[PDB]
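J.: my complex, first installment, coordinates as in the assembly:
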Amino acid sequence: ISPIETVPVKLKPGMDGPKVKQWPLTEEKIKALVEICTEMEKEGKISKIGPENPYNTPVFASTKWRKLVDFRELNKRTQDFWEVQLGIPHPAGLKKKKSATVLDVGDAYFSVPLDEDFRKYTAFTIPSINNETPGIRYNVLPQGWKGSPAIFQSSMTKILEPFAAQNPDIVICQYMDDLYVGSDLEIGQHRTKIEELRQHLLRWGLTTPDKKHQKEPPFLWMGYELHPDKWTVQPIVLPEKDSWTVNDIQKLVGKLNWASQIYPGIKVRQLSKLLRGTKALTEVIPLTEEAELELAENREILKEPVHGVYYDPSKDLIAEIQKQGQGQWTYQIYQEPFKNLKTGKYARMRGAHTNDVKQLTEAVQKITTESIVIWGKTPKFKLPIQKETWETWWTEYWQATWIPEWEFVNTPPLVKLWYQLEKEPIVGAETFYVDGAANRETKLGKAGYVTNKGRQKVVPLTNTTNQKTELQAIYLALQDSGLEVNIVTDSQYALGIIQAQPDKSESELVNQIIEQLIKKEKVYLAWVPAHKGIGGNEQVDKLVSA
């Protein structure tokens, strides 16, 4: 049946129809608008309406130009619909077949009819030259309408549903305006089934030209290029201009990002750091040498051509991660050794205090999430961390944390715990009661410590907040102490930052505390309530007060 059932569309609740007066344009423009417009009515795309309809929408526009209509006002009045996922299938998930044909659909939007009662809101009055003619007042899915994509896709779905069931041997992936079909039957049968499907489309008014031979492989998808047994991104290009602008950074980062899918080792952190302000695409920012080196390294890997294999459910799914350093991580997902399904990169989520273990865990979830999306199953992980390192970490962590089934891979740099804090006080280690204060009105402040041996110290500080002195009081105790030391503090802030077990921080003082912690053999950090008169905590708090 040529008729295709139309989806009911209703204007937004309590919303009126769109009425926008057409802007006066040149006569040559209206001389062509009424030209194509008459053809569309001959084709049945549009129908002239009586003067009763009040709604209106503006109409603007090689050898000739094309028509257009801005239904944004109409779109605002139009109701919300289920939206097709913007995600595009990644080739790494695409399974291998003997033949693969791509059937494009011609004028899918125009081919799809529209809800009868909604057609009143698509009126677009036609302009008249010099107002010398009465204004000329859609029957199908209009181009540019909010509900057009979903309606056309949803319409196609119901259309294709019967053919799929009748021919389960063929697999038909659905994407906007395109229809990708593959099968493992003989080449003659595949071409045969392709024609059967095209006829089923015509029976509902759908043109998928095979007369013009469908583009044979290779196929260049909008995302990347594809082949019968391999997939790769479109070739990259390197300007190598002596001076780069702001818009140069985004273009290079964007193009490099797309390359990280198949080409391992891509790094964009240094480049992104250069465009910190990114004030104006026209603004020009000088290149840094660290970023320049990143491009030089990126250029090396980019030179060699790379390809990825398609997925085989029989083969296992493996993901391998390595630490690039400075918060950068590269991973590879492969079913067969040396042959990668896909490659990617992860960057540290914004934070003030971090360590290697957590960042690795974060990468797993990022890989795990992408894997379930592209294949529907978690991969086995080859991780650069000793099983004992992980057991110590996750068991001692205060939060719940877990990593899927994984194996150790000896490829450096390995993930390790740079320092571990004792759970019980170190007997025979000098005890350091610490406290630090700072005036709110005057940034000036002080920080010091007291010990059981009588040792003491107080240091005046300037341009310091109360918390900084609390951490500053700990730095001193670490420097002026031996390899084994107990530290008693009242600062929950300092404790909450050390019980987070960081190995690199955005605060230089934290790093210097980390550096002493790495140096020391054993360190036990205890906490006591402030102003509770607990031991030397009151003695050390008084010395640093104001």
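T.: Received the coordinates, thanks. Numbers count the residues shown, from 1 in each chain, chains lettered A, B, ... in the order given.
J.: what sits up against stretch A:260-272?
T.: Residues from elsewhere that reach stretch A:260-272 (Cβ atoms under 8 Å, 6 or more residues apart in numbering): A:90, A:224, A:231-233, A:249, A:252-253, A:256-257, A:259, A:288, A:290-291, A:293-295, A:297-298, A:301-302, A:306-308, A:324, A:326-328, A:330, A:332, A:340, A:342-345, A:347. Using the backbone N, CA and C atoms, a C-beta is placed for each residue, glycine as well.
J.: what sits against residue A:543?
T.: For residue A:543, the set of contacting residues under the criterion of Cβ under 8 Å, 6+ apart consists of A:435, A:448, A:450, A:456, A:458.
J.: same thing but 7 Å
T.: Taking Cβ atoms under 7 Å, 6 or more residues apart in numbering as the criterion, residue A:543 is in contact with A:448, A:458.
J.: cool, and residue A:534?
T.: Contact partners of residue A:534, counting by Cβ under 7 Å, 6+ apart, are residue A:528.
J.: would you confirm that residue A:308 contacts residue A:340?
T.: Yes: contact status for residue A:308 versus residue A:340: in contact at 5.8 Å, counting by Cβ atoms under 7 Å.
J.: name the SS class of the residue lying farthest from the centre of chain A, please.
T.: When distances are taken from the C-alpha mean of chain A, residue A:454 lies farthest, 56.9 Å away, according to Cα atoms, centre = their mean. Following DSSP: H, G, I helix; E, B strand; the rest coil, we place residue A:454 in the coil state.
J.: next one: phi and psi at it?
T.: Summarising the backbone geometry of residue A:454 under the convention degrees, to the nearest 10, its torsions are phi 100, psi -20.
J.: could you measure from it over to residue A:530?
T.: When Cβ to Cβ, to the nearest Å is applied, the distance between residue A:454 and residue A:530 equals 23 Å.
J.: ok so residue A:486 is a strand residue?
T.: Yes: according to three-state DSSP, the state of residue A:486 is that of a strand.
J.: now what about the helix or strand containing residue A:161, what contacts it?
T.: If you go by DSSP states H and E, residue A:161 is part of helix A:148-166. Contacts of helix A:148-166 from elsewhere in the structure, counted by Cβ under 7 Å, 6+ apart, are A:4, A:7, A:81-84, A:108-109, A:112, A:141-142, A:172, A:174, A:176, A:197, A:200, A:204.
J.: stretch A:13-20 now?
T.: By Cβ under 7 Å, 6+ apart, the residues outside stretch A:13-20 that reach it are A:11, A:54-58, A:71, A:73-74, A:77, A:120-121.
J.: pick out whichever of the residues you listed sits closest to residue A:46.
T.: Of all the contacts of stretch A:13-20, residue A:46 sits closest to residue A:57, with 12.1 Å by Cβ to Cβ.
J.: right, and the closest one touches residue A:71 too?
T.: Yes: under the criterion of Cβ under 7 Å, residue A:57 is in contact with residue A:71, at a separation of 5.5 Å.
J.: gap between the two ends of stretch A:94-107?
T.: Using Cα to Cα, to the nearest Å, the end-to-end distance of stretch A:94-107 comes out at 27 Å.
J.: and the residue lying closest to residue A:453 once chain neighbours are set aside, what are its bridge partners?
T.: Excluding its sequence neighbours, the residue lying closest to residue A:453 (Cβ to Cβ, 6 or more residues apart in numbering) is residue A:430, at 5.7 Å. Residues in a beta bridge with residue A:430, per DSSP bridges, are residue A:485.
J.: surely residue A:430 and residue A:485 touch.
T.: Yes: because the distance of 5.8 Å satisfies Cβ under 7 Å, residue A:430 is recorded as touching residue A:485.
J.: also, this goes in as chain B:
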Amino acid sequence: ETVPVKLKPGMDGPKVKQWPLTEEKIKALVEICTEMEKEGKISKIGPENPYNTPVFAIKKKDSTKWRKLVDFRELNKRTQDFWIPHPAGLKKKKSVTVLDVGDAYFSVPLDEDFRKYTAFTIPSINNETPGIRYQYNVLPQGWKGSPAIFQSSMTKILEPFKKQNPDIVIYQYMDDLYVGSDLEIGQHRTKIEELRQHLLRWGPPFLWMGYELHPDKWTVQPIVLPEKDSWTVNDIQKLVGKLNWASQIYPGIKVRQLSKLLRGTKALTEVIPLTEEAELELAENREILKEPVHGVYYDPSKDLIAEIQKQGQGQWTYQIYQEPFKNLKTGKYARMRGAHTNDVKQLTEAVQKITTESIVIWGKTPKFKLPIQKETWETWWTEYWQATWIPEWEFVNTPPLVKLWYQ
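T.: So, slotting chain B in with the rest:
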């Protein structure tokens, strides 16, 4: 026919994106949904319906059969409130068995206008094909209105058995049913089977299974003070800190004498004898903790809140409260599942148990404070869930440090 239902005024239909599903779960949903469509319980929907409710598959404990599950938590909050009394005997009953009665909910149709709010989408892998869109034509499992609309029918069904066994306590939670008696387990199971046949006769893929509880064995974990003979400075420090923390719950706690022992700057490892007066202060504090906190009683209007702490060695602590420091219940689980391999599973098992204990006692689920990062919980929490309901939760990314108090 049907009962009218509308959303709370000013609240639109729930629209929640369908989180990506494993291929195994995607297949299971297609088979369940494909048969239900044949049964007419669900029907396809076009793009006109912009609402969406998440759906995923689960397998009950010791169950090889996939059960469809829909996250109606957003729809439930948007659904207009109704207008069941919660029996206290369940907690005292020696045994309480749970039965999945959600199948009966499918017999009753639902209003057409509200059916648009039950839209759920079966996802597709690698965005290869547009996901399948379904809508409930009957009372959907996991909905708030489903147990209420069917409630009257459930009573008429359970009327004869209730009269036959008045001592037995029956309580119904959405998609579930709890039956409690003090009889022996053998007779209890027999009565349960009799009740199963009762529903079968008036009518269940999961009706045969039975979950056994013993609320009589349930007990609350109290806050205790270690009794030692050699008290070190660090012991007194930690001991004093805990007591000062517990003062918020119990004002009577005093820490003066213990602080006196701390006077002076001494090493943590040095042992400090406890003065007789300090030992008395510890004794008086030890007594105050053996007694219940005053003015602590459940308020039906206030929602329950639950917090979990990862103590370690496969041990977890939880406290259920309606006010910041007014604790209604406190306990600790141990060896739940994957005790020494996977916390996410232990936390998922803990969230379930706590909810069960909450339902048996107050007929409603608490809001959970999950000691876990959001991305960690959202990635795997679906793989270990074995219940028909889903409570509320938020994540606490700040180190409490108070776990030692809840030891």
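J.: now that chain B has been added, could you go back to the contacts of residue A:543?
T.: Contacts for residue A:543 were tallied using Cβ atoms under 7 Å, 6 or more residues apart in numbering or on different chains; they are A:448, A:458.
J.: that one should be in a strand, yeah?
T.: No: per three-state DSSP, residue A:543 lies outside any strand segment and is helix.
J.: how about the contacts made by the spatially most central residue of chain B?
T.: Centroid check for chain B by Cα atoms, centre = their mean gives residue B:355 as the closest residue, at 2.0 Å. The neighbours of residue B:355, taking Cβ under 7 Å, 6+ apart as the test, are B:365, B:389, B:391.
J.: what about the residues you listed, which are in helices?
T.: Assignment to helices by DSSP state H places none of these there.
J.: closest one of these to residue B:314?
T.: Sorting the contacts of residue B:355 by distance to residue B:314 puts residue B:391 at the head of the list, at 22.5 Å, by Cβ to Cβ.
J.: before we move on, back to that, show the subsequent helix or strand relative to the helix holding residue A:161.
T.: Where DSSP H and E defines the elements, the next helix or strand beyond helix A:148-166 is strand A:171-175.
J.: skipping adjacent residues, who's closest to the closest residue to chain A within the stretch 1-150 of chain B in space?
T.: Ranked by Cβ to the nearest Cβ, the top residue of the stretch 1-150 of chain B for proximity to chain A is residue B:23, at 3.1 Å. Spatial nearest neighbour of residue B:23, chain neighbours left out: residue A:376 (3.1 Å); criterion: Cβ to Cβ, 6 or more residues apart in numbering or on different chains.
J.: how about residue B:98?
T.: Of all residues apart from its sequence neighbours, residue B:211 sits closest to residue B:98 (Cβ to Cβ, 6+ apart), at 4.0 Å.
J.: report the separation between that neighbour and chain A.
T.: Using Cβ to the nearest Cβ, to the nearest Å, one obtains 25 Å as the distance from residue B:211 to chain A.
J.: other SSEs contacting the helix or strand encompassing residue A:302?
T.: Counting by DSSP H and E, the element that carries residue A:302 is helix A:289-303. With contacts defined as 3 or more Cβ pairs under 7 Å, 6 or more residues apart in numbering or on different chains; DSSP states H and E, the packing partners of helix A:289-303 are helix A:269-274.
J.: what about the helix it packs on, distance to the chain center?
T.: 18 Å (Cα atoms, centre = their mean, to the nearest Å).
J.: what comes up buried for it?
T.: Of the residues in helix A:269-274, A:269-272, A:274 count as buried by neighbour count, 16 or more other Cβ atoms under 10 Å in any protein chain shown.
J.: do the same with stretch A:83-99
T.: A:84, A:89-94, A:97, A:99.
J.: can you narrow those to ones near chain B?
T.: Intersecting the buried residues of stretch A:83-99 with the contacts of chain B gives A:84, A:89-90, A:93 (criterion: Cβ under 7 Å from any Cβ of the partner chain).
J.: I'd like those laid out as a markdown table, including distance to residue A:515.
T.: Putting those into a markdown table (distance: Cβ to Cβ, whole Å) gives the following:
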| residue | distance to residue A:515 |
| --- | --- |
| A:84 | 53 |
| A:89 | 48 |
| A:90 | 43 |
| A:93 | 45 |
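J.: now those as a markdown table including secondary structure?
T.: Formatted as a markdown table, those follow (three-state DSSP):
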| residue | secondary structure |
| --- | --- |
| A:84 | coil |
| A:89 | coil |
| A:90 | coil |
| A:93 | helix |
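J.: which members of these define the maximum pairwise distance?
T.: Across those, the two members that end up farthest from each other (Cβ to Cβ) are A:84 and A:93, 17.8 Å apart.
J.: rewinding a little: just the angle for the helix holding residue A:161 relative to strand A:171-175, thanks.
T.: For helix A:148-166 against strand A:171-175, the angle between stretch directions is 180 degrees (axes from the mean of the first three to the mean of the last three Cα atoms, to 10 degrees).
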